Amino acid sequence: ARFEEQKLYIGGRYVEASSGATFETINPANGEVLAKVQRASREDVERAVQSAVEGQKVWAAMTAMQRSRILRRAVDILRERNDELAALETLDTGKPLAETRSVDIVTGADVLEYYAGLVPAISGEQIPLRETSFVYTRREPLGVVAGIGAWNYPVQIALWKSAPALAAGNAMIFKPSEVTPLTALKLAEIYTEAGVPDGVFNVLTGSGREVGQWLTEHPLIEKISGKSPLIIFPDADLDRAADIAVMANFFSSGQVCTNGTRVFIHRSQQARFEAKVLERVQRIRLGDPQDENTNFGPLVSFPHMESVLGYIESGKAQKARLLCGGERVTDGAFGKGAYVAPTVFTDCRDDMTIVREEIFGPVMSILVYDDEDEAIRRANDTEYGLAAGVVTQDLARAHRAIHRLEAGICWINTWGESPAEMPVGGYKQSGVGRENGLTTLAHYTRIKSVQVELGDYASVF
Amino acid sequence: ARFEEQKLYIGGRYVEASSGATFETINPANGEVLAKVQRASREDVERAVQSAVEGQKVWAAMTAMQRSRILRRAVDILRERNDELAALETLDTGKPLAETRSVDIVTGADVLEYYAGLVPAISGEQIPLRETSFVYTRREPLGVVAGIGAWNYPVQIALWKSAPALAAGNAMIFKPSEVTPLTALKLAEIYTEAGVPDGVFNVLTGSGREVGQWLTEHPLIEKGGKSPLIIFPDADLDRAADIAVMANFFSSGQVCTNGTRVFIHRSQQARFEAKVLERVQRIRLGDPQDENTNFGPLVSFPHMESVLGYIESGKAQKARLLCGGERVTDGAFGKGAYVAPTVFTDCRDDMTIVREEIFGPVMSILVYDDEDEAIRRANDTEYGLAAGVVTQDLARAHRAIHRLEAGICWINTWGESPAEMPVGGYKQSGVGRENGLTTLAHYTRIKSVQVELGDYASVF
Amino acid sequence: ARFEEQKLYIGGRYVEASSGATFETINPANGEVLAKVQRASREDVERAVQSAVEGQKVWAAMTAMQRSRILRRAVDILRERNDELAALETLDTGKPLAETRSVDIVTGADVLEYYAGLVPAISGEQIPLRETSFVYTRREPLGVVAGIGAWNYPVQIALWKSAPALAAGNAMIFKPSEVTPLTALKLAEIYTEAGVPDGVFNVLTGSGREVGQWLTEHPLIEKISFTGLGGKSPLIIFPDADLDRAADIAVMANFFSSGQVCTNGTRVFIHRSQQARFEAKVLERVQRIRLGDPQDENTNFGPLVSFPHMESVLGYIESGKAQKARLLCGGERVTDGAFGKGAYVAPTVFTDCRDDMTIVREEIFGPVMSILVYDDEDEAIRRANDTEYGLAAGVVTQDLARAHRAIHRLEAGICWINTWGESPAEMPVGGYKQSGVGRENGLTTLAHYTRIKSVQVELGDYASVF
Amino acid sequence: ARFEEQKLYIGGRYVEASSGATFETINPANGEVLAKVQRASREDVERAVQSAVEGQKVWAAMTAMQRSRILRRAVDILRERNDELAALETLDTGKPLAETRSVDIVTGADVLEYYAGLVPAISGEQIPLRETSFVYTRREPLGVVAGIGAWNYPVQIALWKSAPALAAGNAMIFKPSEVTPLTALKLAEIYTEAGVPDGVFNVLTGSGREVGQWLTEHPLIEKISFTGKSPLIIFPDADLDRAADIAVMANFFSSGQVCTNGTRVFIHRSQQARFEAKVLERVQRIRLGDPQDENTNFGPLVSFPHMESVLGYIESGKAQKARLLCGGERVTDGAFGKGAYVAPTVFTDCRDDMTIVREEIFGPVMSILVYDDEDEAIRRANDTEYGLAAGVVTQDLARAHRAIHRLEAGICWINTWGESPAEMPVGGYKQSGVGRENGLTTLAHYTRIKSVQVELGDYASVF
C-alpha cells in the first residue's frame, strides 16, 4: 500500500496477470505493506515462455559484441542507480543500508560487467580425425532458461543468475522470492532500457511452489534454478578469530548460506574467546536499516523470525549455555518490526538441534574440542559441505587442515568473500578464475558436434 | 550351464552374494543358459561401498602419473585379450564377432589410454584478490561413484564410464545390465591384474531395478532417440543407401544413435528403395561367432518380442513393408532370437514406428518434397541425440546441419560418435581437448581456498 | 604545407625533437605536401623510453578492469571520430574514403574493444607438488615494448599492435611508416583524451631504419614488433566453381586498396577449359572499377601510396610485357586530367602467365593480377604450393569434399573457401577482419605481451644432500 | 681414446662428417680423452635438414596415439637404461653418480612421459562469424626445429627440448655442447629403437658457434631453442639452519654449475656471525671426491678451462678484499691433481661493485652480502642486469609474499631452492608437476595455426 500494485513483467513492459489474485510484500522493519504483488497464473507462464522464445531469437541473432555492449549499458545504469536500488532492497529485505549500498548492486553490476566481456570469447573446437575427415563443434544457446530468486540477496542473485544466461545468448524467465519481489522488477526495467530485447528477461511473481513448478514442468524451459564449521586453532590470534566468528554469524543478521555457525574453539582458549565475542556482540549496532549507522537489521520476515525464536528456545531446552541475546527486540519502534537480538550459545554438543540444523538467523553455536584431528572430524561430520574456515598463525598447519576439510569453499584467516562463480549472496571475491567464468558460460550453452566426411564411406554390408 | 555360477566382484576378488538368489544370462544365438548369476543384496551393496571407500583412499593418495601407469598396464592387457573378450561379448550379446573384435574392446581400451595420458595435465587456478589476499582452486575426486551398464555395448560402456572416473582418482561400483553381465566381471579382473587397488572397481550384478536403486539411495555414493537422416536430391544415392543401411542394421539395429527416420525426396524414392533392397539382400545373417557374419540375433528373446510387436504395429498402420518383417526360423536360427533386417516405406510422421524408438533392425523411409520441409520434420521430435545429411554441395551440407537440432551431427557419413559421449558403437578417432578435460571435470569437484595474509576487516 | 609541422608525441603531449631534421609526407593523389614531420634523434628515443618506463608503472598499478574501462573510452572516441580519422587516412594513403570510413578505424576500434573485454579473464595456475609444497604462476606486463607501423593500413595496424600491448599492462613506443605518419599521432591524442596515462603510448616519427634500430638496441625495450609477411598467395578456381563468384573474388583479391595488401591472391589458377570465359568475366568487372579521387566517396580504387611505389609497380608491369605475358587490361599509369598529378596505376591483368615469370614469382604490392591455367587438381595444388611464401590461399568450388580437401593440401596459414580477404584477428595484417576471434587465439596474443612469474612455496622441511 | 671416434647422427644412423675436423671430449675427473668427436660442416647441416624434412612427414602422418605410444616406448627404454646413461653422463660431465643416477635421466624421462600423454590433446577451434560463415583452425607442426644443448645438464636438456618438439609432431636437429656431447647420441639411438622415424631426431656435434649459426641461418629451420646472479635473501626472522641448508644447496649442488644458483646471499647484519658459522659447518662436511664413487656429493668442474676461469674469479675476490670464509683453491691432493677440482668456496663481507658479485661464475663460489633493512636488500637483489631467479627465507609468510611481489625475477622460491618450473629448459631439480595450460601451452608453441574460413552465403564485392 506504500507502492502501487506490482504487475508481471513480460515483453519489455508490465502486464496484468490472469489470476486476479495477489499477495503482500511486507517491510520487516515495521510490518507495513509495501505493495500488493500479482500471482502469475499458468496462462501467464505460457505467455512469458512464448515472449521469451521469440525474444531469444532476436538476442541470439545479434553479434557477440552487440550483446556485450547492451549488457555493458545495463551495468552503467546499475551503477548510476545504485543508491536508489539499495534503498528499495533495504525496504524489501530489511538489510541495513550500509550493506545494500556497498554490496548487493555493486557486486551484481561487477559480475554482469565481467560476463559481458566474455561474450565474444565463446568458441568451439576443431578435431582432426584422419586425412579425409574432421569434426568441428558449435556452442549454441540453450534457448529459454528459468531462474529462481533467493530472499536474502534478491537483486544480487537476480544479477548472478541472469548475467551468464543472457551473456550466453539465452532468454531467462525469473521468479523472485515471494518474500522479496521488488528489485527483480526494477532489474527487468533496467535491462529493457539498456536495449535488451523484449522477452529476454521476463519476471513472473508468484507464491508457494506453484509458479516455480510450472516453469519446471514446461518442456520449452531448458534449465532451472549449510552448517559451515569455523575452526579456531590453539595458535590463533584470538582477536582475529572473534572478529571472524562475529562477521561469520551476524552479517546480514545471520541470513547467509555460507555462515560459520559452528565455531570450534580449543578448550584452553574457551574462556578468553567467549569474553572477546561477548565484547564484540555488545557493541553491535542494531536498529532501523534506513539509518546509515545501523549494521544489524531485522530478519527478512515475521514467519522467519518465529522460526529463529523456535531454534533459540530449542537451544535453551537442550541445555546449551546462553552467552548473549536470546530474545526478540521489542522496545521503541522495534516491536513493530522483526528484530531478533544477536544470539550466542556455548558449551554446545553435536547432537543438539541448534548445532545440526541450519537456522538462517543470528545464532552462533560455540563448540569446545581437545585436539586438532577431532575438530576436523567433527567439522566434517555434517550432511552439508558448503564452506569451512580455519584461523591460525601457522600456515603450514592451515594448509594441512584445508586438505582434510570436506568443503567446497575454504577460508584461511578470513571469512565471507565467496567464489565469484557461485550464486550465493554476500561478500564476493573481487576476481574470477578464467576457467570458472568460461566454464559457467559453458553451462548455459549446448555443444553440437559436426563430423565432416570427405572420403569414401565404408559399410560392412 | 556353460560357465560356472558368476559371483560378485568386491575388493580385488570374487565373493559370495548374500541374497540366496540368482538369475540366468542367455546366449541369444541358441537360447542356451550361459551362466547363473548372483543377485546382490542390500547388504552386498553396503559391503561394496566400504570396500570402495577404503580402496579410493589408496588410489587417490597416488600421484596422477602413478595412476596413469597402472591404467596403461590395463590398456596393455585389454589389447592382449582383445579376441578373447570379444568372443565372450559375442556370446553374451549376440553381436557379430566381426564387430566385437574390432570395435568394443579396441575403442574402450583407446578411451582408457586417452584419459590416462590426459589426467596429469589437470591443474588448478590461482587468482590474486589484492596485495595481501588470493584464492586458488584444486580439483579433487568425488570419492565413490556408481556406474550403470548398457545391454548393447556392455564392455565398451563399462570402459567408457570407468576410465575417466578412475583416471580422476575415484572408485567406481559398477552394475552391468542383467541382460549382459559377463564382460564387466572380466574387466574387474583385468583392473586388479593391472595393479588397480582392491575396492577401486567393484562389480555388483542384479536383476531388475533394485541394485540400481540401492546405489542411488546410498549416502556415500557421490554420482536414446529417433535420429533423422536426410538424403538431399544431389546426394550420391549409392553412398546414401550405404549410409542408411549402416545407420539402421549395424549391431542388428541396437544402437542409440541409429538413423531410423530416413528422408528421401519424392523423385528419388523408387531408385533409393531398390538400392537399399540390394544392400539388405546381401546382409550376412548367421552365427555371430562366425567371423563372416555381419548381422546377429537381437540381445534377448524378450527384446525380440518387443521388436516384433513394433513390426506388427507398422503393418497395422499400413506402412508398406519393403523387406524383412519377421523372425528368421530356418535351420538353427529358430533356436536363436533372430529378426530379419526390416524396412518400412511410405511412412508418415504420426506412425508409431516413426515416433517411437524400436532398438531393433527396423528402418522407416519417409518421403519429402522440399528441403525446408525435410528439415522441419526431422526437427519435429522430443528426441535430439543425432542427425545426418547426405549431399555433395558445400553450402547445403553445412547450412542444413546447422539448422538440425541434435548434438551429434554427421555429413556424408554415419555412426562414429564423439569420444566424450558414453554412446556405444563406432567412436571418433580424435578427441577435443576441451571435451576431454570437461569429461574429467564431471568426475571431480572444485575446492576453492582463499587465504588472507593481511589484517581482517569487520563491520562490527 | 597543408598542415602544420608534426612534432613527436611523448608524455601525453607534443614535444620538439632534438634534431632539426624533418621529412615530408606527400598526398599521393595530387603530389601536394601534407606536412613536414620531425625526425627523432637517439636522445628522443631515450626521452620516450624514460617516459614509457614511468607511465607503464602507473598503468600497470591499475586493475585489469580499470585499464579495460579506459580502453573502452578510447573505443568510444574512435567511433565518434571515425569519419574525421578516415578523411585524414585517405589524404595520407590515397586510399578511397569508402574504404577508410568503413574498414580502417572500425576494425581497429573493434580489436581494441575485444582485448579490453578479454584481459580481465586472465588468471594464473596453481600446481601442488606434494602435501607441503606448491607452485603458482602469474602473468605480468613485459614493461615497455615497441611497435613499427605499416604504410598500407597505418591507423588500423597502430591499433592492432597497441591494443593487446596496452590491455596487458605494457607501454608502447610506436614508429609509424615515414610514408604515412599522420594518423598515428592522432591515435596518441585519443588515448590521452580517453585517460591513458602519460608515457603509455608514445609516438616517434623518423626516416629510414634508424629509429627502428635505436628501439631494438635499447635495453629497456623488452620486445619489438616489426611488420612495416610477404606473399604471392594463390587462388584456385576449380571447374565446378560458380564463375561469377570466382571473378568477384579474384578482383576483390587483387584490387582492393589498389592492390596494396599482404594477403592478395595475385596468382589466380583457372582450368584450361575455362580460361577464356573467366577472363571475360574479370575484364567486365575490371572495366567498371571506379578509379578516381579518393576523397570522392564514389571512388573505389585510388592512386598508389607514393610515387616511388608506383615506379616500382610500373617496373613489374614492364617485366610482364617483356616476358610475353598476355595483357588483358590496364598496364600503364593513368595520366588523364588531374590523375597526372597523382600516383595512379590502372587495374592490370596479365594472363597466359608461366610459373617462371618474374611477375608470377615476385610480390608486387600493386594492382597486378596474374592468371595461370592448369589441367588438373593435383597440378594446381602443387603449383600453388611451389613458392617461398605461405601467407594465404583460397579455393572456389561448390563441392563439399573438394573444398576442404584442397584447403587441407594448401600450405598457407590464412585460408578461404568461396571468399577472400576477411583475415583472422590474431594476424597483424590490414584490411577486412573476421567478425569473431577464437578464444585461444585471443589469449595467446595477450600472452605475447606478458611474462610468467613462477612462485614456489615450501611449507614443510627443506632437504639438503650436504 | 676411451671410445671410438663419434660420428654425426642423421636419418637414424651414424654418418661421417664432411669437415675433416674433430675435437676432443675430456673426462674432467682425470684428464683422460673420452673420445674424438666429428665436427659437422655446413654441408652436413644441409644433409641433416633434408633428412629432418622427410622424417617429419612420416612422423606427422601417424595418428596422435601412435606418436604417443612411440614416445612412451622411449620412456620405458630410458628407465631401463637409466644407470648406463647416468654412468656415461658422469664420465662426460664430472657430476657425481649420486646426482646423475637419480636426477638427470629420471626427470628427463618424466618430462617426455608427460608430453607423450598430451599428444592426443592437441586440437584447434571453431569460430562462428555469422549464420552463413564460420572459421575452423588446425594446429599443424612447425616442421623442422633446432635445439641447442647446455653443458651442465646434457641429457636432461636434450630431453627437455626434444620432448615437446616431437610430441607436437616436429622433427628436431639437436646440437649438444662441445663440452658434453656423448649422451645426446645415446638419446638419438633410443628414440630410433622406440620407433621414432629416421630423421625425426638428428644430432650434429660441433665446436665454437658454427653449427648453431648454420642452423639459425637455415631457411627450413622454423625455430631454434638456445640454452644470472640470482639473489637469496635471508630475512632477520629466518630459521638460520634452513637458511644455511638452502644457501649451501643453492651454491654447491652440481659443483655450483647451475644456471639458477643463488650466488648472491644477503644476510642481515644481526645474523651474519651465526649464519657464517652454520655455512662453515655444512661446507666442511661436503664430500668432494671421485664422481664414480656413490658416496661423493661434490665432483670436479665440467672442464679444465672452466676450472681456470673459476680460479681466476677466486683470485679476483681475494684481490678486491672480499673476506675468504672457506675453500678458495684448486684441490690437488692425490688423484685430485689429475682432475679439475675446485674446493667449495665462500666469500663474505662482499660489496656490490665486486667482480665476484657482479659477474656470473658458474662454479662453487658463494658471495655473502650484509644488509641493514629489507627494502635495501630487495633493491640490491633487483640491481643486476640478470633476473632469472630469486629466493627468500623467512618464517613470516606474509612478509615472503610481499617480498616476491617486489622481486623482479620470474622464478621465485620461498623457504626452498633448486626446483625450477617444468616449462623452463633449465637443468637441475624440477617441480614434480605441470599445470595444464602450460604443458598444453608449451605444445602450442611448437605448432602453428592454419585458419580456414568457410563462406556459405553470397560473396560481396565492392567492384
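The first chain written gets the first letter, and so on, giving A, B, C and D; residue counts start at 1 in each chain.
In the analysis below, a residue touches a chain if its C-beta (ideal position, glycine included) is under 8 Å from a C-beta of that chain, and two chains touch if they have at least 3 such contacts.
Just to note, of A-D and B-C, the chains joined by more C-beta pairs in contact are B-C. The centroid of the Cα atoms in subunit B and the matching centroid in subunit C are 50 Å apart.
Averaged C-alpha coordinates give centres for subunit C and subunit D that are 38 Å from one another.
The distance from the centre of subunit A to the centre of subunit B, each centre being the mean of the chain's C-alpha atoms, comes to 38 Å. Residues of subunit C found to touch two or more other chains are 123, 125-128, 137, 400-401, 403-404, 408, 417-418, 435-440, 459. A complete topology is adopted by the chain contact network, contact being made between every pair of chains. Pairwise chain contacts present here: A-B, A-C, A-D, B-C, B-D, C-D [touch as defined]. Listed in rising order, the residues of subunit C touching subunit B in the complex are 123-128, 136-138, 397-401, 403, 417-418. Only residues 98, 125-130, 133, 135, 137, 245, 248-249, 251-252, 255-256, 285, 288-289, 300, 388, 403-404, 407-408, 412-420, 422, 424, 426-427, 434-441, 444, 451-459, 462, 464-466 of subunit C touch subunit D when the two sit together in their complex. Put simply, subunit C touches subunit A in their complex at residues 65, 68, 72, 110, 113-114, 116-118, 120-123, 131-132, 400-401, 404-405, 408, 435-440, 442, 459-460.
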